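All values below were derived from every heavy atom in this structure, side-chain atoms included, with hydrogens, water molecules and symmetry-related copies excluded. Every chain is numbered from 1 and lettered A, B, ... according to where its sequence line falls, protein lines coming before strand lines.
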Amino acid sequence: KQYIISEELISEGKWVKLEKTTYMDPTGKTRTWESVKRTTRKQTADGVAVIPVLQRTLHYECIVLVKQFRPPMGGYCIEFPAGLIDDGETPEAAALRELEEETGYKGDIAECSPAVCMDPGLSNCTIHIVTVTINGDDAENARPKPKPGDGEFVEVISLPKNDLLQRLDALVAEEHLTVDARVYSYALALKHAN
Amino acid sequence: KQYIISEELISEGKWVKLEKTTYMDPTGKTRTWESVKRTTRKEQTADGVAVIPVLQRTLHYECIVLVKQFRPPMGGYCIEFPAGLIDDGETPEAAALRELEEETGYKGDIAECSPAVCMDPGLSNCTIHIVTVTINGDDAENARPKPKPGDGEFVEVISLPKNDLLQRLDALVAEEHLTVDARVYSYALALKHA
Ligand SMILES: CC(C)c1ncc(Cl)c(C(N)=O)n1
Ligand SMILES: CC(C)c1ncc(Cl)c(C(N)=O)n1
Ligand SMILES: [Cl-]
Ligand SMILES: [Mg+2]
Ligand SMILES: [Mg+2]
Ligand SMILES: [Mg+2]
Ligand SMILES: [Mg+2]
């Protein structure tokens with residue numbers, strides 16, 4: 001009942017563009033919406049985010065998260081490891097790669113979502129969420145070697161899965177970080193289960 | 001270590017703008033980033049809210065109430081938590097309860113309210129509060145609930161059992177052209193993982 005009629009380019013950056021989308025509203029009326037798009041999509045989705053479940057025997061299972069300065073936010077954020085999928089890269093392979101680069105961990109694919117939207121009111125950006133397990137008792141993950149690209153500066157924060165929401169709430173209160181909405185949603189559901 | 005040096009307007013729409021962000025990298029070098037921002041953010045602690053609405057009814061399994069809308073940036077229908085911008089002077093809780101009723105017809109009760117969390121912090125500065133609300137589905141007010149969507153708002157309500165959320169979302173994806181929101185998917189995955 002609703003659909004895209006046309007798109008007008010407003011402003012094209014190197015990495016992001018602003019567009020104005022004309023669409024047919026369900027009453028038969030023509031409307032416009034200002035939308036953002038990345039200039040980099042080819043792929044299934046722009047990117048992957050990894051849910052990295054760090055399993056060590058006789059320890060609480062941890063969720064592995066990353067802290068980085070985000071220029072749009074003007075501040076430090078706590079997030080699942082994530083980045084863009086390379087052209088010709090599968091989402092699974094992008095997930096293990098990004099996980100290793102950002103955290104140094106070598107993980108195993110558990111499951112992979114369909115493409116999901118990040119902020120569909122604002123952008124067309126999508127990701128696959130890839131749940132990965134990390135055998136923290138394997139020698140490859142003993143002294144994990146984080147291999148950032150040029151211009152990445154990433155701190156690793158592992159938090160117990162069974163108290164994740166209370167732990168994140170602590171970090172916000174006392175470290176003045178912003179927690180990512182996907183991380184917070186995951187943590188909430190861990191509490192709301194049953 | 002890292003911080004914003006300056007922010008220069010690239011292009012400003014009515015609703016969304018693009019900025020060139022200059023910041024200090026952790027090595028002591030100046031770099032730039034193309035940033036997205038909304039034009040609507042005033043004194044709010046966040047742009048918006050998303051509501052996790054838990055529909056509770058005697059002798060029913062609890063449901064998560066979700067909305068389906070056409071999203072011009074996406075060129076399609078998306079399934080998302082009820083959500084909208086916080087009006088100037090409005091509290092996150094009030095905005096959540098109001099957006100829930102407008103989008104679904106349900107009158108909820110506040111359970112909890114997140115700090116401001118980031119939507120896509122590599123792309124934008126957009127933040128929300130994630131507000132968990134319970135809906136008493138035994139109350140007569142919530143018996144035959146009708147959306148009161150605003151001008152240009154067109155919303156379908158989809159209520160799915162919490163105990164099978166991920167499989168139900170997967171079945172909707174497999175039977176139509178549409179996209180699940182990343183927050184919804186993250187919440188459904190943690191329900192499974194718990
Ligand atoms: C709900 C807010 C964000 C809004 N209202 C109306 C329009 Cl038309 C747009 C837009 N992006 O152009 N955004
Ligand atoms: C990772 C990609 C999306 C990227 N690389 C470098 C820059 Cl500098 C920007 C930007 N938005 O300005 N984005
Ligand atoms: Cl798991
Ligand atoms: Mg990254
Ligand atoms: Mg990376
Ligand atoms: Mg809305
Ligand atoms: Mg609304």
Value rounded to 0.5 Å, distance of CG in B:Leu169 from OG in A:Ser113: 11.0 Å
Reported CD1-to-OH distance for the pair A:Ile127 and B:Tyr185, which is rounded to 0.5 angstrom: 11.5 Å
Residues that B:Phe81 engages under ring-ring contact (aromatic ring centres under 6.0 Å, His included), provided they are two or more places apart: B:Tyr187
Among B:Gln69, B:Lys162, B:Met119, residue most engaged with chain A (heavy-atom pairs, under 4.5 Å): B:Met119
Which atom names give the shortest non-hydrogen contact between A:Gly74 and B:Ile4, and what distance separates them? CA-CG1, 3.7 Å
Using a 4.5 Å heavy-atom cutoff, which residues in residues 174-182 of chain A come close to chain B? A:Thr178, A:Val179, A:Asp180, A:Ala181, A:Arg182
Same cluster or not: are B:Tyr77 and A:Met24 linked, directly or through other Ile, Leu, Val, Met, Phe, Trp or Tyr residues, by side-chain heavy atoms under 4.5 angstrom apart? no
Looking at every heavy atom in both B:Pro72 and A:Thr21, which two are closest together, and how far apart are they? O-CG2, 4.0 Å
Taking all atoms of both residues into account, what is the closest heavy-atom pair of B:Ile10 and A:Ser11, and its distance? CG2-OG, 3.9 Å
Heaviest contributor of heavy-atom pairs below 4.5 Å to chain B, chosen from A:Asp25, A:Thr27, A:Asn124, is A:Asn124
Which answer fits B:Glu80, side chain, backbone, both or neither, if we ask what part of it has an atom under 4.5 Å from a heavy atom of chain A? side chain
Can you measure from CG (B:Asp47) to CG (A:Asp119) and round to the nearest 0.5 angstrom? 8.5 Å
Please rank B:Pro121, B:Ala111, B:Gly13, B:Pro115 by heavy-atom pairs under 4.5 Å with chain A and give me the top one. B:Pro121
The interface call for A:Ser123 against chain B, heavy-atom contacts under 4.5 Å, is both
Distance from B:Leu123 atom CG to A:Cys125 atom SG, nearest 0.5 Å? 5.0 Å
Report all side-chain donor-acceptor pairs from residues 47-61 of chain A shorter than 3.5 Å, counting only partners two or more places apart or in another chain.
residue : atom : partner : partner atom : Å
A:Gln55 : NE2  : A:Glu61 : OE2          : 2.6

Given heavy-atom pairs under 4.5 angstrom as the criterion, report whether the side chain, backbone, both or neither of A:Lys1 touches chain B. both
Counterpart residues, side chain to side chain contact (heavy atoms under 4.5 Å, CB included), relative to A:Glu111 (two or more places apart): A:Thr131, B:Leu166, B:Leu189, B:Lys192, B:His193
Rounding to 0.5 Å, atoms CZ (B:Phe70) and OH (A:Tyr3) come to a distance of 9.5 Å
hydrophobic_cluster_shared for B:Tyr106 and B:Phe154, side chain cutoff 4.5 Å: no
Quick one: of A:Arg70, A:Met73, A:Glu34, who has the most non-hydrogen atom pairs under 4.5 Å with chain B? A:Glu34
Between atom CD1 of A:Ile129 and atom OG of B:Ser186, what is the distance when rounded to the nearest 0.5 Å? 3.5 Å
Select, from B:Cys118, B:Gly122, B:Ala194, B:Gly152, the one with the greatest count of heavy-atom pairs under 4.5 Å involving chain A. B:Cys118
